[PDB]
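Asker: structure for this input, please:
(4 chains, ligands or ions: 1)
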Amino acid sequence: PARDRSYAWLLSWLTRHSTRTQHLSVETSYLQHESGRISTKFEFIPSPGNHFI
Amino acid sequence: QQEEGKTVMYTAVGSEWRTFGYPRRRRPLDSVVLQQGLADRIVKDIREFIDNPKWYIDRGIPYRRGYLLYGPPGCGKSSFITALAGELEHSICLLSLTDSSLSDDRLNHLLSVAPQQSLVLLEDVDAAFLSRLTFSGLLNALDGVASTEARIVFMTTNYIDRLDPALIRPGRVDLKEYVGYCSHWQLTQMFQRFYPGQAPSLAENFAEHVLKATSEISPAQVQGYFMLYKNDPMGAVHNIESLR
Amino acid sequence: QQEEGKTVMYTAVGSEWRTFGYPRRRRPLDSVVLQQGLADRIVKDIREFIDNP
Amino acid sequence: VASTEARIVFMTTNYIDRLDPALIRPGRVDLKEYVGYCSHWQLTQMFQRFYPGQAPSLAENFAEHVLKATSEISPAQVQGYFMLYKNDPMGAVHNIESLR
Ligand SMILES: Nc1ncnc2c1ncn2[C@@H]1O[C@H](COP(=O)(O)OP(=O)(O)O)[C@@H](O)[C@H]1O
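Answerer: Residues are numbered from 1 along each chain as shown, chains lettered A, B, ... in the order given. The coordinates are given below.
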C-alpha cells in the first residue's frame, strides 16, 4: 500500500532497473530555501497501469 | 525565469537571528567597481571554497573561511559584500560588534547559530579590538568549532594597523584585500555605468581631470557628484574643475 | 544509500539537554590519526561493550 | 545509579597528575589512554592524507626532517603548517627547515 514506506523505494528501484519505461509519471522535489534559493529536481516514476519487468 | 532573487538581511537581537526588514533587490555585481581584478580574485576564491566541500571534510579541516577588507571609508565595501551575496544567492547576517549589547559568549552563540547558506558581516571590527567589549575574546570565539557548514565571514574596517597579525591566519581571516581610491579604469567604468553610452575618450578625459584635481577621491564622492548632474554628462564634465 | 549520516551536538542549559546548532557532517575516522593502535584498541573496546549488553 | 542504558562517558584533560587514582576504577573511567606528539608513522600518514598520492619516500623524509627539527611537534601545528602550503607538497618539504 501507499501508506507503507516501501512504496516509494520499490517505485524508485523499478524506475532504475527498467531505464526504458515508455509509460511513466513525474515527481518534482521543489524547495525554496531562505534567501530565495530555489532547488528543483525531477524524479521519474512508473505511471499507473500495468508494467512488465 | 519569472522569479527574481532577493537578499535577506538577518539582524541579531539578544541571542537570536531575526529577519530584519523585507527581502531586498539584489544589487548587480558589475554595479560596484573596486579595482582591476580584486572582485574577480575574491569571486574565484569564494567559488573554489564553496564548490570543493569534499576537500575540507576528507582532510579533517573545518569548512570555514574568512575575508578582510580594509580601506578608506565610503570605498564600497558593504555594497560589494551585498552584491557578492546576491550573486551567490546567500543572505547577509549583519552584526555590529561595536555595540556593547552583545558579549563574547553572546557573540559566539550568535556566530554559531547563523543560518545555513548565509554570510555574516561584522563591521567596525577596530572598535572592539581597540578596547561586554573584548579584543581577544572575539578572535577566540571565531576559532571556536561552534559553527555550521560553510561559515563564510567577512571583515571590514577603515584601517588595519589597529589589528594584529595574529588575527590573520588559517582558520581565521584568510584572504585580506585593500580597497583604495578610484583609479582611471575605475573612474571610466563608473562614468560608462552611470551614463549608458558615450564617447570613451570623454570618460578618459573625465577620469584624468578628476585624478588631477583630487588624489584621494572616494567612490562615494564620485557617486554624490554624479547625483548632482544626473542625466547631464556634458555639464558634469565641464564642472570637474569646480570640484578642484 | 542516498541518506548521509549526521552527528548532533547536545548542549546543556539549566537542567536540560538542547540540540545546539544544526546536524554536522561526520568526520571520517581515518582522518584523525592518533597513534599506531590506540584508535583500534578504543574502537574494539567500544564495540565489545556495545555488542554485549 | 541515575543514568540510562549504555551511558558512555569520555574524559579529556591536558594533564593527569592533577587527578587521583580513585577516579580510575571499575564503575568509573576504565580504559585511560595517553595521546602524544606525532611520530614518524603519524607524520607520514598525515602527509599522505593531506596530499592524495605521492612518493612514500618523500613522506618519510618529511617526517624525519620534522622529527629532527622539533621534538614536541603537535598535530595541530602540522595541520596549520600544511594549510600554509595547501596544494604545495614540494614547497612544504623545502620549507621544513624554515620551521626549525
Ligand atoms: N565601487 C562603487 N561603485 C558604485 N557605488 C559605490 C562604490 N563605492 C561606493 N559606492 C557608493 O558609496 C556609498 C557608500 O556607502 P556605505 O555603505 O556607507 O560605505 P561603504 O560602501 O564603503 O561601506 C554607497 O551608497 C555606494 O552607492
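Asker: just confirm residue A:31 is within a strand.
Answerer: Yes: assigned with DSSP: H, G, I helix; E, B strand; the rest coil, residue A:31 falls within a strand.
Asker: what about the closest residue to it other than its chain neighbours, which SS state?
Answerer: In space, and not counting its chain neighbours, residue A:31 is closest to residue A:39: 4.8 Å by C-beta to C-beta, 6 or more residues apart in numbering or on different chains. In this view, the C-beta of every residue, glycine as well, is placed from N, C-alpha and C. Using three-state DSSP as the criterion, the local structure at residue A:39 reads strand.
Asker: residue A:39 and chain B: what is the separation?
Answerer: Separation of residue A:39 from chain B (C-beta to the nearest C-beta, to the nearest Å): 11 Å.
Asker: OK, contacts around that residue?
Answerer: A:29, A:30, A:31, A:32, A:33 (C-beta atoms under 8 Å, 6 or more residues apart in numbering or on different chains).
Asker: just give me the neighbour total for the fourth one.
Answerer: As a burial measure, residue A:32 scores 11 neighbours (other C-beta atoms under 10 Å in any protein chain shown).
Asker: quick check: bridge partners of it?
Answerer: In this entry, residue A:32 is beta-bridged to residue A:38, by DSSP bridges.
Asker: before we move on, back to that, distance check, the residue nearest to residue A:31 against residue A:33.
Answerer: As judged by C-beta to C-beta, to the nearest Å, residue A:39 and residue A:33 stand 7 Å apart.
Asker: now chain B against chain D: closest residue?
Answerer: Residue nearest to chain D within chain B: residue B:170 (3.7 Å; C-beta to the nearest C-beta).
Asker: and chain A, by the same measure?
Answerer: Closest point on chain A to chain D, by C-beta to the nearest C-beta, is residue A:5, at 27.1 Å.
Asker: so how far is residue A:11 from that residue?
Answerer: Residue A:5 is 11 Å from residue A:11, by C-beta to C-beta.
Asker: looking at these two, which has the bigger crowd around it?
Answerer: In this view residue A:5 and residue A:11 are compared by other C-beta under 10 Å, and residue A:11 has more residues nearby, 16 against 8.
Asker: now that one. Nearest residue, chain neighbours left out?
Answerer: residue A:45 (5.0 Å).
Asker: quickly find the element holding that neighbour.
Answerer: Using DSSP states H and E, residue A:45 sits within strand A:37-46.
Asker: burial count for the residue in chain A positioned nearest to chain C?
Answerer: Proximity of chain A to chain C (C-beta to the nearest C-beta) peaks at residue A:12, 9.1 Å away. Residues lying near residue A:12 (other C-beta under 10 Å) number 16.
Asker: OK, contacts around it?
Answerer: A:43, A:45 are the contacts of residue A:12 under C-beta under 8 Å, 6+ apart.
Asker: next up, the contacts around the residue in chain B that the ligand sits nearest to.
Answerer: Using C-beta to the nearest ligand atom, the closest approach of chain B to the ligand is made by residue B:76 at 2.4 Å. Residue B:76 makes contact with B:32, B:33, B:34, B:179, B:219, B:220, according to C-beta under 8 Å, 6+ apart.
Asker: kindly reformat those as JSON lines containing neighbour count, secondary structure and distance to chain A.
Answerer: As requested, the contacts of residue B:76 are arranged in JSON lines below (neighbours: other C-beta atoms under 10 Å in any protein chain shown; DSSP: H, G, I helix; E, B strand; the rest coil; distance: C-beta to the nearest C-beta, whole Å):
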{"residue": "B:32", "neighbour count": "20", "secondary structure": "coil", "distance to chain A": "19"}
{"residue": "B:33", "neighbour count": "21", "secondary structure": "coil", "distance to chain A": "25"}
{"residue": "B:34", "neighbour count": "22", "secondary structure": "coil", "distance to chain A": "23"}
{"residue": "B:179", "neighbour count": "17", "secondary structure": "coil", "distance to chain A": "25"}
{"residue": "B:219", "neighbour count": "21", "secondary structure": "helix", "distance to chain A": "27"}
{"residue": "B:220", "neighbour count": "14", "secondary structure": "helix", "distance to chain A": "27"}
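Asker: around the ligand, pick out the residues from chain B.
Answerer: Contacts of chain B with the ligand, taken as C-beta under 6 Å from any ligand atom, map to B:31-34, B:73-79, B:219-220, B:223.
Asker: which element is the residue in chain A that chain B sits nearest to on?
Answerer: For chain A and chain B, the shortest gap (C-beta to the nearest C-beta) falls at residue A:35, measuring 3.6 Å. Residue A:35 belongs to no helix or strand when elements are defined using DSSP H and E.
Asker: tally of neighbours for it?
Answerer: Neighbourhood size, residue A:35 [other C-beta under 10 Å]: 26.
Asker: quick one: residue B:145 and residue B:62 touch, right?
Answerer: Yes: judged on C-beta atoms under 8 Å, residue B:145 makes contact with residue B:62 at a distance of 6.8 Å.
Asker: which of these two has more neighbours?
Answerer: Taking neighbours as other C-beta under 10 Å, residue B:145 and residue B:62 compare with residue B:62 leading, 15 against 9.
Asker: give the helix, strand or coil label for the more buried one.
Answerer: Assigned by three-state DSSP, the conformation of residue B:62 is coil.
Asker: same thing with the one 4 residues further on?
Answerer: Each residue gets one of three states, and residue B:66 gets strand by three-state DSSP.
Asker: give the next helix or strand downstream of the helix or strand containing residue B:12.
Answerer: Using DSSP H and E, residue B:12 maps to strand B:6-13. Using DSSP H and E, the helix or strand that directly follows strand B:6-13 along the chain is strand B:16-25.
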